[PDB]
Amino acid sequence: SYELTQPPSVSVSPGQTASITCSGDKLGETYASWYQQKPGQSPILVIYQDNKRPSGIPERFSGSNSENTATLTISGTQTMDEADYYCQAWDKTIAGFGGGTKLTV
Amino acid sequence: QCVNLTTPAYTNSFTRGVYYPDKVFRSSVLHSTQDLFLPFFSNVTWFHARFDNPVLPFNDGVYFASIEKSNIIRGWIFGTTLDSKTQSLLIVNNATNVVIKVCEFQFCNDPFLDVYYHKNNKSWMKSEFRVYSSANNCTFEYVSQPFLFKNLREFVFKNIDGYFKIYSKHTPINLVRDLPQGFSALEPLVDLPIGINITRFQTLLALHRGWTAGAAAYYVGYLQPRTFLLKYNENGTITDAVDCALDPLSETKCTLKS
Amino acid sequence: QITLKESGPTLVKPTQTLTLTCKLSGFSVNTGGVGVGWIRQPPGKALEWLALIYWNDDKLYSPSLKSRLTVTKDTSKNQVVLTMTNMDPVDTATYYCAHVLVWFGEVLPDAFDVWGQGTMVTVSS
Ligand SMILES: *[C@@H]1O[C@H](CO)[C@@H](O[C@@H]2O[C@H](CO)[C@@H](O[C@@H]3O[C@H](CO)[C@@H](O)[C@H](O)[C@@H]3O)[C@H](O)[C@H]2NC(C)=O)[C@H](O)[C@H]1NC(C)=O
Ligand SMILES: *[C@@H]1O[C@H](CO)[C@@H](O)[C@H](O)[C@H]1NC(C)=O
Ligand SMILES: *[C@@H]1O[C@H](CO)[C@@H](O)[C@H](O)[C@H]1NC(C)=O
Ligand SMILES: *[C@@H]1O[C@H](CO)[C@@H](O)[C@H](O)[C@H]1NC(C)=O
Ligand SMILES: *[C@@H]1O[C@H](CO)[C@@H](O)[C@H](O)[C@H]1NC(C)=O
Ligand SMILES: *[C@@H]1O[C@H](CO)[C@@H](O)[C@H](O)[C@H]1NC(C)=O
Ligand SMILES: *[C@@H]1O[C@H](CO)[C@@H](O)[C@H](O)[C@H]1NC(C)=O
């Protein structure tokens, strides 16, 4: 599988900005995506193709991808944004998810 | 969905635009036929795709050719007024299939497919379709496989007794920006029983974002009612052809069937 | 709208073969641009991609699991079936199927937009 590393957790106060990183070998060449998973629920796509949101996703969620590092940023983090966030990247059809970052507020 | 984004050369087509005139098998024979063919050594209009996508006359039939690497030319629009007032023919090659429809389309002032590319320069994905705003009173629909070193694609478009007949050939080309010198016959692709009036046509490009295109070019010629002597080899493939109206030497060869 | 539903055995024994079926609606498996992938998630762990099938019967597998994975599609029922053989207790996980966005020309997987509910499968004696 494709090697992809995330921080184990992020902790912010409500109203602050959360920043979850995702490091790979070739993220500067391919596209990264992010999923948000709540306990007991299937994951929801939040960001695809580095910085595009699906319809229904709050403007709080943004991100970027440069120098082989991808990030997800939550501006004005709410207590309802508590979840396990995962990053994904495809290296020429080779899948890979990160370990997952537990975000608390 | 219409985008109002607004702001030729000639080449020598030596011995091209010949297609199998019918569906009868012939071999090891010199056969004389009379049909609409591209004249030999003619002046073919050369357009670049910055892109040029004007509306051109159809006349009595169209010879169309394109040279590209990135698959920018996707399809064509054929018709008269090219608006909601009349029926028109839309031929478009999408990601997986070719879609051929005849409807009262209301085409955009400058119709195109809106696509975007991967970080690499091989993969692409569709954003939207900006060719028409409506497609009312549809009478015909057909779906099949896509019509698709640079790629040379040649098509001949005829409209006889309501049948829109397409002939085609696909070969690799190693030239930078021109047509090859040699002979290659085009084969029947599809016979469309449509029954509409065609006087003009337009080329549809896949553009990306305002909107631009990669390097590509296409050529347009016109067919004329001329006599040709076609040379069929042992396998029944046409390997040569003589334009009997080109010069006195060809006239002699055609007269003597050699 | 687009939805996917996982079904199949929730308990298998070691060395037995597991078959999972993904029943989908809102789209057909025969439609161009369509792909369906399978992902598993062991309790408390990260997601692992297994395999996906394209509308054109082309298939991608994870190199580390490829030898145990087979994917086919039913073109009449609009169902995608994953077969995973020679399972061990360590293969216990929640299995999901999801829709795959696909790049054209050079065909590549992009992202998973619509996910199913998932089904839990335990491997034990
Ligand atoms: C390229 O164009 C072709 C032809 O338009 C697209 O194939 C068509 O895709 C539509 C969905 O967008 C299919 O519609 C489905 O029809 C079935 C009934 O047969 C219905 O039960 C479904 O709910 C849905 O309405 C259509 O059947 C299908 N046609 C063919 C011949 O496959 C193709 O998807 C386009 N390629 C891309 C990448 O969009
Ligand atoms: C585009 O410009 C033409 C004038 O050349 C105008 O008639 C037409 O309505 C315009 N269309 C749009 C969508 O602006
Ligand atoms: C093609 O155009 C050139 C001028 O650019 C002219 O000299 C030549 O005779 C023309 N040939 C034909 C077949 O029209
Ligand atoms: C795609 O083409 C652009 C423009 O030449 C180039 O900068 C880019 O690096 C190419 N992509 C790849 C993966 O080489
Ligand atoms: C079909 O053509 C008739 C006129 O003959 C027109 O009144 C009708 O609205 C057209 N159908 C559609 C969907 O526009
Ligand atoms: C096609 O339309 C043109 C006018 O745009 C007309 O002169 C011509 O006779 C029509 N041809 C047929 C077959 O109706
Ligand atoms: C006819 O086909 C055979 C193969 O069956 C090939 O060897 C031969 O060269 C072909 N003849 C011509 C004139 O191309």
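Shown for chain B, in order and in Swiss-Prot numbering: 14-20, 26-67, 78-176, 186-246, 257-305.
Cβ atoms here come from the backbone N, Cα and C positions, even for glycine.
Ranges compared are B:31-52, B:280-301, and Swiss-Prot records region 'Putative superantigen' for B:280-301. In Swiss-Prot, the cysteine linked to B:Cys15 by a disulfide bond, out of B:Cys131, B:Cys136, is B:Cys136. Within 10 Å of B:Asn17 (N-linked glycosylation site), counting CA to CA, the recorded positions B:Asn61, B:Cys136, B:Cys291 contribute B:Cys136.
When the recorded positions B:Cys15, B:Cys136, B:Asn165, B:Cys301 are ranked by how far their Cα is from the Cα of B:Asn61 (N-linked glycosylation site), B:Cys301 comes first. Only residues 6 or more beyond the boundaries of the region 'Putative superantigen' (B:280-301), in the same chain, are considered here, and those with a CB under 8 A from a CB of the stretch are 33, 36, 38, 43-46, 50, 55, 57-59, 220, 222, 273-274. Checking the recorded positions (B:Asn122, B:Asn149, B:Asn165, B:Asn282, B:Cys291) against B:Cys131 (disulfide bond) with a 10 Å Cα-Cα cut-off leaves B:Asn165. The most crowded of the disulfide-bonded residues listed here (B:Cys136, B:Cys166, B:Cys291) is B:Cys291, judged by how many other CB atoms sit within 10 Å of its own CB. A straight line from the CA of B:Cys136 (disulfide bond) to the CA of B:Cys166 (disulfide bond) spans 18 Å. Take the Cα of B:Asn149 (N-linked glycosylation site) and measure to each of the recorded positions B:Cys15, B:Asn165, B:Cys166, B:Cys291: the nearest one is B:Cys15. Taking the Cα atom of each, B:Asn234 (N-linked glycosylation site) and B:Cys166 (disulfide bond) are about 15 angstrom apart.
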